[PDB]
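Cβ placement follows ideal geometry from the backbone for every residue including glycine, while neighbour counts extend to all protein chains displayed. Here, each number is a calculation from the coordinates, and none is a lab measurement.
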Amino acid sequence: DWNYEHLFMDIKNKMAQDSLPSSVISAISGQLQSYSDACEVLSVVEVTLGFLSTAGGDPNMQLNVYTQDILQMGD
Amino acid sequence: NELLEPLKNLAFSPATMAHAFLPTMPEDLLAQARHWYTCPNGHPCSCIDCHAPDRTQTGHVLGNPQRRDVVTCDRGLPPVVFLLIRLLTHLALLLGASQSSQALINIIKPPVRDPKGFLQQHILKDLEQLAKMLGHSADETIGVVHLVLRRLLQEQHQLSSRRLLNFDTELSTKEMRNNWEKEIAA
Amino acid sequence: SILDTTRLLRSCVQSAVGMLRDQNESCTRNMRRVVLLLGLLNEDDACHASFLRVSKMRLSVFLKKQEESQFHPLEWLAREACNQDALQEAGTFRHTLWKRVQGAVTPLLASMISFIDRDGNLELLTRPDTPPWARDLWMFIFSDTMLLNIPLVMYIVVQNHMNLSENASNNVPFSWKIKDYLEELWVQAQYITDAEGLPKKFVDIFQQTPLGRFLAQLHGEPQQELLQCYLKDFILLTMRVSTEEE
Amino acid sequence: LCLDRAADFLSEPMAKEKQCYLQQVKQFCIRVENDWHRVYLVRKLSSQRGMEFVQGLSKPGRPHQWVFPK
Amino acid sequence: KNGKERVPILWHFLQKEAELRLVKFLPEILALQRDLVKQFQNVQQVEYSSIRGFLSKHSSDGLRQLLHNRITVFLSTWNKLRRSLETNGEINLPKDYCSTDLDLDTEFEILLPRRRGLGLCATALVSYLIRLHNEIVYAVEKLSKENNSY
Ligand SMILES: [Zn+2]
């Protein structure tokens, strides 16, 4: 039942958002020839969405740097 | 006098007053003052609980007479005058109950089985309140009620003309009732 | 052993913290909680070891209680093998199972973190200037299952009682629980006693508790410092204060 | 003020100590013979309940006939 | 004696006295609701049938009797003000809620001041009391000529 919409509105209020460039879309589309890998990536995106919605962050910060350094979300 | 007609309808022809507004009622002050806002789905908000940014009644809505400890008037009338108006209303309602009980059972909310007794108890509580307010003996209080009724009997030949009576004999609305209250008080 | 629970906890820390929302709207809290938990969840010093052990124990307790409300809790592996959605999401069976255990543990870990880290508690474990008595009392309370009653739950709101600032911490571990416990013992002594004897009866009742005996073991200067910290925490729990001089 | 308190206790349409007080008032009214006191008591009752209640209390077979003067 | 102009504070106070006397309870009612929130916050299902059951679980004598006393205060205040809340209060309330008196057999949800369900009643009372206090305070400001609002 998670109301993702509220999280999205909170984030947009806290930070800026932009659409994916076609290049990134094609790259991820090519790389993600597997449902499992998609789910893994989406789980990382969901955790990031939660943290950003609460705290926030630099819209230009790379997502991998944010997850690995700040969230320590390795492993 | 046309001013009496509403009360007379209560006494002799209560069936008409079924959907009529009676001075024996409070109003929704919230609708009249036009803090808590409200969401589109209906929950208050001073968004919260969703994350998205008339109560006035007809008929006799006063409940058990035992609760009637004090009299309050929001329409700017003095408590004493509102009390007397309400008492006249209860007398008319008792007359109507004598004419047809079912009509009063329909008009009374929540419903009741003994309109006559219910109205008697309300009248007694009215007298107790009058006594507390003015500070006169019980007999002097009943005398005050008779004096007011006498004034109303006299103030017709002098008040049958040159009047500004913005009310209908059935008090079909809220403003008609308020206006009748003000004229009576005057 | 069968499973490396330490690693599973460490893997679920980020998701659990991510489930926590605060009243005070202290944005930078969750990140610090993540850092603190990843630091504490170790077997380096005995404090970290005991924190990890008590966490694992309380998780086992919550899981046992939840299991006792369901049929055949041993068949969980089988149930996972019956969930094609979980299989295809996970890829391998081992990973399906690992994700299942992560999903089970994340809510309960989040709840427990909401309880322990109410105002700023966890800083006391990490701040090296924290006196020994503070860490000892922290772990004593966290280990107790009837003093720190944590009810099960099936967004999580961290009930901040103080209006403390960022990165600040309550001067005494679990001051809110100690206050509530002492008020309960007060109510009980009051109704059991007359206006006289209530002081002595209340002091005795407290001294006979585990917590009272523990604090009784503290002797000398540490005990004075303890009382001072509780005074400050007590005020902040009771009264709103505008300045530190007040 | 004592007579007022008795008048209130009587005006009610059921406790022992209040009855003790009413009995002491009865003895005081009978003993002192300043019937003015009873006049005030009667007057107070009329204020609260009305003249008919007092007339009823004057009738035979009543418990409060002491309220009245000779 | 033309009190509205000559004495506005006395006039308003006398008008609302019946209800203003009940403003004294609000510390206790607030504490009750705050403790109930503390207990039930983060809880999803609420399986308590009534107040009598809830009390029976909190059967420790001191705690049982303190909760009972507090709930009694709340129920008394509600019973008195309910017919006022039905028309005034800025929070809409179905007539069924205000229609009858409450007792220990009443639903427990009435005590939880959520924005939906019977808990609006717990909210409404807390709001309507506050209104009375605030409103009379405004009158003093209107006669203070100052801005001491804290
Ligand atoms: Zn809302």
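Taking other C-beta atoms within 10 angstrom as a stand-in for reagent exposure, C:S143, C:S165 fall in the order C:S165, C:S143, fewest first.
In debye to the nearest 20, how big a dipole does the protein assembly as shown give about its Cα centre with +1 on each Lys and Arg Cβ and -1 on each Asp and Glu Cβ?
On the way: 80 positive and 85 negative charges, 688 e Å.
Roughly 3300 debye for the protein assembly as shown.
Its Cα centre serving as origin, chain C has a Cβ charge dipole (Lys and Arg +1, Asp and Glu -1) of approximately 800 debye. Count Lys and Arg as plus one, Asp and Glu as minus one, and take only other residues whose Cβ is under 11 Å from that of C:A49; the net charge is then -1.
Give me the net charge of A:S53's neighbourhood, meaning all other residues with Cβ under 10 Å from the Cβ of A:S53; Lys, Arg count +1, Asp, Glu -1.
Values: positive: A:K12, A:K14, C:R21; negative: A:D10.
Net local charge, A:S53 excluded: +2.
Ranking A:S34, A:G56, A:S19 by how far each Cα lies toward the positive end of the dipole of chain A (charges on Cβ) leaves A:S19 at the top. Charging the Cβ of each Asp and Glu at -1 and of each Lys and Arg at +1, and nothing else, the dipole of the range B:13-121 about its Cα centre rounds to 300 debye.
Given N residues in the range C:110-184, what is Rg(Cα) / (2.2 N^0.38 Å)? If you can, show how the numbers build up before the last one.
Details: Rg = 12.4 Å, N = 75, 2.2 N^0.38 = 11.3 Å.
Normalised Cα radius of gyration, the range C:110-184: 1.09.
Seen from every direction in turn and averaged, the convex hull around the alpha carbons of the range B:77-186 projects onto 7.9 nm². Over chain E, the reciprocal of the mean inverse Cα-Cα separation, the Kirkwood hydrodynamic radius, stands at 17.1 Å. Computed from the Kirkwood radius of its Cα pairs, the Stokes-Einstein diffusion coefficient for the range B:1-132 at 20 °C and 1.002 mPa s stands at 129 µm²/s.
Hey, fewest Cβ within 10 Å first, where do C:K56, A:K12 land in order? Don't skip to the end; give the middle numbers.
On the way: C:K56 15, A:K12 11.
The most exposed by this proxy come first: A:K12, C:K56.
Under a no-solvent Debye model with one identical scatterer per Cα of the range C:1-102, what's log10 I(q)/I(0) at q = 0.15, 0.18 Å⁻¹? Evaluating at q = 0.15, 0.18 Å⁻¹ gives log10 I(q)/I(0) of -0.82, -1.06.
Partners of E:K57 within straight-line reach, counting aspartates and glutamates whose Cα lies under 19 Å from its Cα and excluding those fewer than 8 residues away in the same chain: C:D180, C:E183, C:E184, E:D35, E:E47, E:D103, E:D105, E:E107, E:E109.
If you take the alpha carbon radius of gyration of the protein assembly as shown and divide it by 2.2 N^0.38 Å, what ratio comes out, to two decimals? Intermediate results must be reported in sequence, preceding the final value.
Numbers: Rg = 35.5 Å, N = 727, 2.2 N^0.38 = 26.9 Å.
Cα Rg divided by the expected 2.2 N^0.38 Å: 1.32.
Taking square-rooted eigenvalues a ≥ b ≥ c of the alpha carbon gyration tensor, is chain A rounded, prolate or oblate, where a/c under 1.5 means rounded and, failing that, a/b exceeding b/c means prolate? Provide the component values of the computation, followed by the final result.
Working: a/c = 1.44, a/b = 1.38, b/c = 1.04.
The shape class here is rounded.
Ranking of B:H90, E:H133, E:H12, C:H72 by neighbouring Cβ atoms within 10 Å, starting from the fewest: C:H72, E:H133, E:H12, B:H90.
For the protein assembly as shown, the share of DSSP beta bridges that are antiparallel, to the nearest 5, is 25%.
When only Cα pairs under 8 Å and 6 or more residues apart are kept, what is the percent relative contact order across chain E?
Numbers: 113 pairs, mean separation 43.9, N = 150.
The normalised contact order for chain E reaches 29 percent.
When the inverse distances between all different Cα atoms of the range E:25-112 are averaged and flipped, the Kirkwood radius reads 14.0 angstrom.
For the pair the range C:134-154 and the range A:45-75, the centres of their Cα atoms are 31 angstrom apart. Run down the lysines and flag those whose C-alpha is under 29 Å from the C-alpha of E:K142, throwing out any fewer than 8 positions away in its chain. Partners found: B:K182, E:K1, E:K4, E:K16, E:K24.
I need the Kirkwood Rh of chain D: take the reciprocal of the average 1/r across all distinct C-alpha pairs and report it in angstrom.
Computed over chain D, the radius equals 12.2 Å.
Under 18 Å between alpha carbons, and skipping anything fewer than 8 positions from C:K177 in its own chain: which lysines qualify? Once the sequence-local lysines are set aside, what remains near C:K177 is C:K232, E:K38.
For B:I108, nonlocal amide neighbours, meaning residues 5 or more places apart or on other chains whose placed amide H falls under 5 Å from its own, are B:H60. With Cα atoms defining each centre, the range E:2-32 and the range B:169-186 are spaced 29 Å apart in the structure.
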